[PDB]
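Below, in structure tokens: the form deposited in one PDB entry, a single chain.
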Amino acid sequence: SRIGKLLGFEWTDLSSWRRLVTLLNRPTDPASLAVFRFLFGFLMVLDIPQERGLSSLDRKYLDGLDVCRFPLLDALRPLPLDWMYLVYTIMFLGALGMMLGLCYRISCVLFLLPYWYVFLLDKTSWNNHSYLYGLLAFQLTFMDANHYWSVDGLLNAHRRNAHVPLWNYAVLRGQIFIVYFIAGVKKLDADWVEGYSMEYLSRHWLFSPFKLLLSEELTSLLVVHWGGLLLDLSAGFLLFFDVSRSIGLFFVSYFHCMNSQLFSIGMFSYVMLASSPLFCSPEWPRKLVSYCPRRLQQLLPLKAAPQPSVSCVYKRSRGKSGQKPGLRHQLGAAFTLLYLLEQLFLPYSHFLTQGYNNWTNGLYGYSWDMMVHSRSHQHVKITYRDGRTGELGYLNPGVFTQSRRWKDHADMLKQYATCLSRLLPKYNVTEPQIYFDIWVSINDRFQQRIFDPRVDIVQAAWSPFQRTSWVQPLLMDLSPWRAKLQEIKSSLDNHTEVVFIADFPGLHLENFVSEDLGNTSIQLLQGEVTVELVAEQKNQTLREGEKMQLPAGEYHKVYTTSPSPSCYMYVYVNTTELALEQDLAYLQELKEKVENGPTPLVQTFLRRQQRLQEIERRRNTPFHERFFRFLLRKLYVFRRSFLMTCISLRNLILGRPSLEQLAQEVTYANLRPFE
């Protein structure tokens, strides 16, 4: 058998359906599966009060507040606060049961159902690790992970070191491999291979050793971008093979240890770290507990030969011939194959749901593309027209929203428009017409509109499978300007800013220059524009290279007349900031000179000096005090969540008390126990 140890099977095992089913149901030691289940349950229990928002459920789901919500389906509606607290309690109990191994199936379902309900209840909280947690819970629901290191097996006799079918490990290994490979392939983008997505991450002190032999640009392009792409592409291949298993394990451990500190992504790094030993032999915990000193080998459960189990099948040459697969053996193989096909196909299913395709393909959360695209927003304007009288009015951007993700997606914008249309009659406004004007620059590009500002979103047509017509295309033929843009940005002073704008033909921009924005100018780059002055009604055509100067405290308009998109910049200085800083420097230096031989302006410098001194003292202060403060904050969050959940459970079960008792209980809930 040449390939009988580099792959774990033979070529003859994939020649027929019966042979494949027999292979996929091979018995296997359940030790590593049990360890993974324990770790995943522990991490989910630790994570539910923090990331899922159990501590802010009262803030998010108040009884009578006006808020616009963004569910996947408008038929899904939230429950009152008490029932939401009950659902979170059920989720916590399910996670605890999954960790402990007691009542495995019931706990798995009790964690799976409310988790997916909460996930689907809101489209603005989707990311990749929440999707991964849901997928992992779904997979573990159908697996026998309570056969070792559990409590069910300590009450039963057959779940004590039994055997599990082979596909239990195959599904998890495949899931991790698809995660790594799809992330690596998604990182084969123009903005990533050219070092544009993360151009500031290399300045962290964790990259200091690389700066000894490499330049800053070289260490930002070679290490963060190309190294990350290579590791993403090769982690699965390195981990699968036993020849290079140790090297791959070291690399992935180092990668996740740095990632747990570079960003704040919750428990993603720890889940990935705990999922790495799954690629090792299924019996590694047994060897690890055999290698420990003999003085601690008599308290843990005895290491003996595993007993036979009914879940898997046994094919022996002398121990009988063959057991015909039933409706449980073939179902495992079918589930494995179909689930792997679905996981491989879903990230590339953006050609079917065309209504979710903005500048970036699809809804964010299930495509395994992390940090690839970065967005910076410049201005948002919401304008409504009264349908009864015709007055023009302006709304605050995001009055009734608890998130900011609606500015990038057309479906979320449509939902927000409908919600505003519903809630505006409450404020003496007839049936309105709302127009949106949002300027977004992606991956350090020109600032440009994303949606058409001349279309009424309330009456617009949006369909999941139809490409949206009021979404402005991305100006793809302007990226090579980025080098010149960076040069211009770096060729400026420490108090002068620049903003680069690209405008479509036929549209116009109305801007109000602030009073304190003295020395403001506009310079053209491409095409031709017409600059207007509202107060005196004077147009002025401009060409490439020309420069203007705009007065402060007045309106002005910029019109695009060229048959191609045009680009220009704004150059401005905060003259009020300059004057304040220069007088502050005078009043400080001269005061020091007189002393060595209050008012708000002095107060700002006093606060800055106090903050600098505190920062220096904290830097000199050892990390133990910060660790203690972190522990105190976590304990406060946990205690608040527990007290509020108990309060809501008492209210739901016993009965609603008087108002006075609730106020006292709420005040006791937030106390910051000790400091």
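Start at 1 and count along the sequence shown; that's the residue number. C-alpha atoms forming the largest set that superposes within 1.5 Å between two forms make up the rigid core.
Just so it is clear, the following notes concern the form deposited in another entry, a form of the same protein that is not shown.
Please look at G365, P71, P80, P505 and say which one has a C-alpha shift reaching 2 Å or more between this form and the one not shown, core superposed.
Single hit from the list, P505.
For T560, is the CA shift between this form and the one not shown at least 2 Å following rigid-core superposition?
Where the cores coincide, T560 still shows a C-alpha shift between this form and the one not shown that is 2 Å or more.
I want to check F446: does it shift between this form and the one not shown by 2 Å or more at the Cα, with the core superposed?
Shift of 2 Å or more: yes.
Once the core is superposed between this form and the one not shown, does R105 show a C-alpha displacement of at least 2 Å?
Shift at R105: below 2 Å after core fit.
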